Amino acid sequence: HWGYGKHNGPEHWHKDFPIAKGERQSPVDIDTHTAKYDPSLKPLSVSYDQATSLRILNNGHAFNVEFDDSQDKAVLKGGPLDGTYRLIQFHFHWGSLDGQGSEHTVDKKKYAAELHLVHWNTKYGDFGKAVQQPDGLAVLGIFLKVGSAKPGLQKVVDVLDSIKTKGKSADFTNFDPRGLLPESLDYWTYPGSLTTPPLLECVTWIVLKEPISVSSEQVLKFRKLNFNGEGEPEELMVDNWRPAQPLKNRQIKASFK
Ligand SMILES: [Zn+2]
């Protein structure tokens with residue numbers, strides 16, 4: 001019964017998930033004045049040409065756009081990563097107001113939302129095995145600010161009415177996640193965790209420097225989603241973000257000078 005309410009939000013999660021107070025928790029604040037350029041980092045390789053989206057699901061905490069991860073169809077390689085990481089799903093975190101919503105912050109700045117493209121390391125065979133490993137996942141995080149619309153988001157926006165409440169799913173084929181990327185693949189990277197329970201410390205985070213812009217109408221439609229199931233009391237799916245956690249004994253590295 002974890003969530004983002006008064007009585008079950010991030011400050012409570014440690015009671016059921018004690019790693020919430022662990023050494024490698026996410027998100028974090030990215031201090032651009034202390035992150036250091038690392039010339040050993042490589043460019044990211046994002047290979048999404050063969051991606052096969054299947055379905056969109058409201059899980060009661062966000063919605064996931066799910067992919068076929070039974071072959072190397074949509075993969076992330078390079079950057080800080082060794083090996084090949086397969087796209088399994090993407091989802092977002094967003095606010096009730098345009099001045100909050102992101103999980104990572106940049107010099108304490110909060111963005112309106114944050115996109116997470118989740119990938120698992122193929123050496124571990126399946127997502128469930130991967131999350132048990134320190135290098136099991138690679139998450140590409142992308143900030144959203146409100147401004148111009150993002151045309152490549154609109155197909156997501158338009159299906160939201162079909163998945164208003166927890167537990168609803170809808171077919172969602174042929175969606176192209178390349179339409180959610182910014183122009184630049186410059187990034188910061190650090191070792192961390194899932195940002196929702198079970199909060200496992202299995203993630204190489206790759207957070208893009210350049211945000212995407214979405215329109216105010218696009219974000220408004222996200223805010224019409226519900227955390228509750230159909231026929232339960234309506235609670236808008238907003239502010240489904242975890243705040244920044246202590247960096248502890250980690251360094252954030254930049255791919256760019
Ligand atoms: Zn996330």
Side-chain angles (χ1 to χ4, degrees), residues 3-6 9-10 26-27 29-30 48 53 55-67 87 89-118 139-170 172 175-184 187 195-196 205-230 233-244:
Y4 298 93
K6 299 257 182 83
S26 295
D29 181 56
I30 301 165
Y48 288 170
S53 67
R55 193 166 83 125
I56 189 170
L57 171 69
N58 178 336
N59 60 30
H61 303 115
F63 61 82
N64 290 170
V65 173
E66 302 167 350
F67 289 79
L87 180 64
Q89 51 101 331
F90 68 80
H91 61 273
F92 304 79
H93 306 266
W94 61 92
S96 56
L97 300 164
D98 294 353
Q100 63 197 228
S102 69
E103 296 207 306
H104 295 90
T105 55
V106 180
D107 298 324
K108 306 295 183 78
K109 180 188 171 66
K110 293 171 168 83
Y111 286 85
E114 186 173 331
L115 166 59
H116 291 160
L117 298 119
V118 182
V139 180
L140 182 58
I142 304 177
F143 297 116
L144 282 61
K145 63 185 185 178
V146 172
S148 307
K150 193 70 172 181
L153 185 58
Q154 193 63 28
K155 290 177 183 188
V156 173
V157 172
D158 279 339
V159 76
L160 299 180
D161 279 343
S162 82
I163 59 149
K164 184 180 182 180
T165 49
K166 179 178 177 178
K168 295 206 168 274
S169 65
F172 199 70
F175 181 76
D176 186 353
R178 290 177 292 184
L180 298 176
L181 305 175
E183 179 188 322
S184 181
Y187 66 86
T195 72
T196 53
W205 279 95
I206 299 169
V207 178
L208 293 192
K209 149 208 116 316
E210 185 190 331
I212 63 166
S213 296
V214 304
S215 65
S216 54
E217 293 86 5
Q218 292 179 315
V219 182
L220 286 166
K221 287 184 183 186
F222 279 54
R223 300 182 182 139
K224 294 181 173 156
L225 286 164
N226 284 185
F227 288 127
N228 59 281
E230 188 179 19
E234 185 169 34
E235 184 66 9
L236 296 183
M237 182 180 283
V238 294
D239 294 316
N240 58 350
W241 51 274
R242 190 187 191 191

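The first residue of the sequence shown is numbered 1, and numbering continues consecutively from there.
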Residues 110-118 side chain polar contacts: donor-acceptor under 3.5 Å, at least two apart:
from: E114; atom 1: OE1; to: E103; atom 2: N; distance (Å): 2.8
from: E114; atom 1: OE1; to: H104; atom 2: N; distance (Å): 2.8
from: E114; atom 1: OE2; to: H104; atom 2: ND1; distance (Å): 2.7
from: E114; atom 1: OE2; to: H116; atom 2: NE2; distance (Å): 2.7
from: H116; atom 1: ND1; to: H91; atom 2: NE2; distance (Å): 3.4
from: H116; atom 1: ND1; to: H93; atom 2: NE2; distance (Å): 3.1

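Annotation: side-chain hydrogen bond (donor to acceptor under 3.5 Å, both in side chains) contacts of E230 (sequence neighbours excluded): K168. Checked against side-chain hydrogen bond (donor to acceptor under 3.5 Å, both in side chains), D176 has the following partners two or more places apart in sequence or in another chain: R178. For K224, the side chain to side chain contact (heavy atoms under 4.5 Å, CB included) test picks out no residue, with sequence neighbours left out. With sequence neighbours left out, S26 forms a side-chain hydrogen bond (donor to acceptor under 3.5 Å, both in side chains) with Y190, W205. Partners of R223 by side chain to side chain contact (heavy atoms under 4.5 Å, CB included), not counting sequence neighbours, listed by chain and number: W94, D98, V219, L220, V238. With sequence neighbours left out, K221 forms a side-chain hydrogen bond (donor to acceptor under 3.5 Å, both in side chains) with no residue at all. Every residue two or more places apart in sequence or in another chain that forms a side chain to side chain contact (heavy atoms under 4.5 Å, CB included) with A170 is listed here: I56, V159, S162, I163. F227 is linked by a ring pair (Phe, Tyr, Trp, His ring centres under 6.0 Å) to nothing, counting only residues two or more places apart in sequence or in another chain. Scanning for side chain to side chain contact (heavy atoms under 4.5 Å, CB included) contacts around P182 gives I142, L208, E210, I212, with sequence neighbours left out.
Applying the salt bridge (charged side-chain N to carboxylate O under 4.0 Å, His left out) test to pairs two or more places apart or on separate chains, none has a residue in residues 144-159.
With a 4.5 Å cut-off on side-chain heavy atoms, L153 and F92 count as touching. Counting heavy atoms from C-beta outward, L57 and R55 have side chains that approach closer than 4.5 Å.
Using a cutoff of 4.0 Å between basic side-chain nitrogens and carboxylate oxygens, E234 and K164 are scored as salt-bridged.
Ring geometry for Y4 versus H61: interplanar angle over 60°, hence perpendicular rather than tilted (30 to 60°).
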